[PDB]
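Enquirer: Build the 3D model from these lines:
(chains A and B, ligands or ions: 2)
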Amino acid sequence: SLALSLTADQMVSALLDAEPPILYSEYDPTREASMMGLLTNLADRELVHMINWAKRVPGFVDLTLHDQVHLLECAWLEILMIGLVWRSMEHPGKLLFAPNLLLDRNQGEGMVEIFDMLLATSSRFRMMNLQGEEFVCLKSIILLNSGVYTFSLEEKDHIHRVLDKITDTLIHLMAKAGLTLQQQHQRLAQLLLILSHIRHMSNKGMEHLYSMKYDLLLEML
Amino acid sequence: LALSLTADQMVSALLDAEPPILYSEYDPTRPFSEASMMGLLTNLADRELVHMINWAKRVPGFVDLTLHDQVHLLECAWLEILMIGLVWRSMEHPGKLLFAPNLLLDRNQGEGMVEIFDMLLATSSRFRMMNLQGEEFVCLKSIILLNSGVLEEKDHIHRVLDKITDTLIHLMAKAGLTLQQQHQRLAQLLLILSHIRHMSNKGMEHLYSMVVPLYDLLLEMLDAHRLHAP
Ligand SMILES: Oc1ccc(C(=C(Cl)Cl)c2ccc(O)cc2)cc1
Ligand SMILES: Oc1ccc(C(=C(Cl)Cl)c2ccc(O)cc2)cc1
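Expert: Numbers count the residues shown, from 1 in each chain, chains lettered A, B, ... in the order given. Ligands and ions are numbered 1, 2, ... in the order given. Pasting the structure now:
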């Protein structure tokens, strides 16, 4: 596990380098059972990239296959959502699901509360001046903190140590950016508190998906 | 004045404001059925709710918010608040959930509840494993309240949240932790809050598929005009 020996810069470079691409919504001019189909199809494609992203998250492959599957199983929607919020950040009042799918709230059945929360997190990130380097650290934290409470025991400890490294990385990014010590802790806290909003958003999102109606996962890991 | 508090004054304010520990109704009718246990828990929850509202009003910055925002924060946080309290109480009772000194329950006593209990016990164990301190607990609880549903007081709320962060840090420094340990523990603590949110959503899921008089209580007790509510 060279992962516990990574420096702040190495962790960032690894994470930046592992970023999935921004995918496009399926193009077909003729055509919300259709609108949800657009989002589900984007989601499925995004999932493939996410799983291979997860394998490049330092310390992730050191885990057993059982736990890798479980972490991804708990965090996938949270991860999809934070990506979405990151993409929408420079489009106030709009959610950028894809470059060719930029929806306002007016265009958002039980998705309305979801969108408003997503939009609010987007603006929150906007006024915090969230940086790409910080964003990838956060995304990684979601992956690892997803189902750690729930699930070798040593396995839990490895996760915890890597989380500590990501915390150090975040702090280092802020110090370099010239934040004072006090400012560093406050912003660390602000970022992490937004993670609970993300979890909330995911839970509500995961119980609307059930108002409708694994293999591929173990396959790739 | 709220935003003018030192760390030390902030922590003693929160400690002074702590609600009491309540006892479950003494209808000990055991063994429990689903109806009887939920009946008992709900009655406990309802009585705690009263004390929670009083507590909230003493959290620095809370009464600064509009009535609508006070109600919203409590609506969003109340179950998270009850659950963190339970986790704190159960901390020195491994394998058990101390809902009340007279209502100790283990996993083999909880039934969609089982999953929720398992989550509560895991968190409780996590608290123990990182040696969570009373001063830290009260900070986290206030953060849960102010972060549950956080347009001029979105900024006022964030100012108070910052002061609470400064207080948690200050407590860790006083304790003698290095700066690196401070940052790391702060992170570990706040990351737990995402799990508490999760357990709360799952709990609210179990409840609503089956209660507490939240809206009316807030109306009675958040009424600045009422002197002896509810
Ligand atoms: O990049 C994203 C793609 C879809 C979504 C969905 C939301 Cl906000 Cl509900 C979504 C995910 C899975 C689905 O089957 C439908 C929508 C979120 C982010
Ligand atoms: O101090 C507590 C009391 C009850 C509970 C409940 C759980 Cl764990 Cl589900 C609870 C809350 C509201 C209810 O109507 C029933 C149970 C949690 C903490």
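
Enquirer: Residue A:79 is in contact with residue A:198, correct?
Expert: No - in this structure residue A:198 lies outside contact range of residue A:79 using Cβ atoms under 8 Å: 9.1 Å. The way it works is simple: take the backbone N, C-alpha and C, and place the C-beta from them, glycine included.

Enquirer: Can you pull the residues that touch both of these two?
Expert: By Cβ atoms under 8 Å, 6 or more residues apart in numbering or on different chains, residue A:198 and residue A:79 have these common neighbours: residue A:142.

Enquirer: need the contact list for residue A:85.
Expert: A:118, A:121-122, A:125, A:198.

Enquirer: Now which of those residues would you call buried?
Expert: Buried subset of those (neighbour count, 16 or more other Cβ atoms under 10 Å in any protein chain shown): A:118, A:121-122, A:125, A:198.

Enquirer: Stretch A:62-82 close to chain B?
Expert: No - taking Cβ under 8 Å from any Cβ of the partner chain as the criterion, stretch A:62-82 and chain B are apart, separated by no less than 8.9 Å.

Enquirer: hmm, that stretch in reach of ligand 1?
Expert: Yes - for stretch A:62-82, a contact with ligand 1 is found by Cβ under 6 Å from any ligand atom, at A:80-81.

Enquirer: can you give me how far that stretch is from the chain middle?
Expert: 10 Å (Cα atoms, centre = their mean, to the nearest Å).

Enquirer: got the buried residues for it?
Expert: In terms of neighbour count (16+ other Cβ under 10 Å), stretch A:62-82 has its buried residues at A:62-63, A:67-72, A:74-82.

Enquirer: Let's see which of the residues you listed end up in helices.
Expert: A:67-72, A:74-82 (DSSP state H).

Enquirer: List, one by one, the residues from chain A near ligand 1.
Expert: For chain A, the contact set with ligand 1 under Cβ under 6 Å from any ligand atom comprises A:39-40, A:42-43, A:46, A:80-81, A:83-84, A:97, A:114, A:205, A:209.

Enquirer: swap the cut-off to 5 Å and go again
Expert: A:39-40, A:43, A:80, A:84, A:205 (Cβ under 5 Å from any ligand atom).

Enquirer: so how far is stretch A:35-52 off the chain centroid?
Expert: Centre to centre, stretch against its chain (Cα atoms, centre = their mean), the figure for stretch A:35-52 is 14 Å.

Enquirer: I misspoke; the intended subject was stretch A:43-61.
Expert: The gap between where stretch A:43-61 is centred and where its chain is centred comes out at 11 Å by Cα atoms, centre = their mean.

Enquirer: and it, anywhere near chain B?
Expert: No - Stretch A:43-61 is not in contact with chain B by Cβ under 8 Å from any Cβ; minimum separation 15.5 Å.

Enquirer: That stretch: which residues count as buried?
Expert: Under 16+ other Cβ under 10 Å, the buried positions of stretch A:43-61 are A:43, A:46-47, A:50-51, A:53-54, A:57-60.

Enquirer: can I get the residues you listed in CSV with distance to residue A:90 and secondary structure?
Expert: Output for the buried residues of stretch A:43-61, formatted as CSV (distance: Cβ to Cβ, whole Å; DSSP: H, G, I helix; E, B strand; the rest coil):
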residue, distance to residue A:90, secondary structure
A:43, 22, helix
A:46, 20, helix
A:47, 25, helix
A:50, 22, helix
A:51, 27, helix
A:53, 22, helix
A:54, 26, helix
A:57, 26, coil
A:58, 28, coil
A:59, 31, coil
A:60, 29, coil
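
Enquirer: And the residue nearest the centre of chain A?
Expert: Centre of chain A computed as the mean C-alpha position; nearest residue by Cα atoms, centre = their mean is residue A:79, 2.7 Å away.

Enquirer: For that one, give me its contacts.
Expert: Here residue A:79 is in contact with A:50, A:139, A:142-143 (Cβ under 8 Å, 6+ apart).

Enquirer: max-length helix in chain A?
Expert: Longest helix in chain A, counting by DSSP H: helix A:181-206.

Enquirer: Give me the packing partners of the next helix-or-strand element following that helix, helices and strands only.
Expert: Later in the chain than helix A:181-206, the nearest helix or strand by DSSP states H and E is helix A:215-220. Applying 3 or more Cβ pairs under 8 Å, 6 or more residues apart in numbering or on different chains; DSSP states H and E, one finds that helix A:215-220 contacts helix A:33-54, helix A:65-88.

Enquirer: Please tabulate those helices in CSV, including the columns distance to residue A:8.
Expert: Putting these into CSV (distance: least, Cβ to Cβ, whole Å) gives the following:
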stretch, distance to residue A:8
helix A:33-54, 20
helix A:65-88, 21
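
Enquirer: residue furthest from the geometric center of chain A?
Expert: The C-alpha centroid of chain A is most remote from residue A:30, which lies 32.1 Å away (Cα atoms, centre = their mean).

Enquirer: re earlier: just among the contacts of residue A:79, which is most surrounded?
Expert: residue A:143 (25 neighbours; other Cβ atoms under 10 Å in any protein chain shown).
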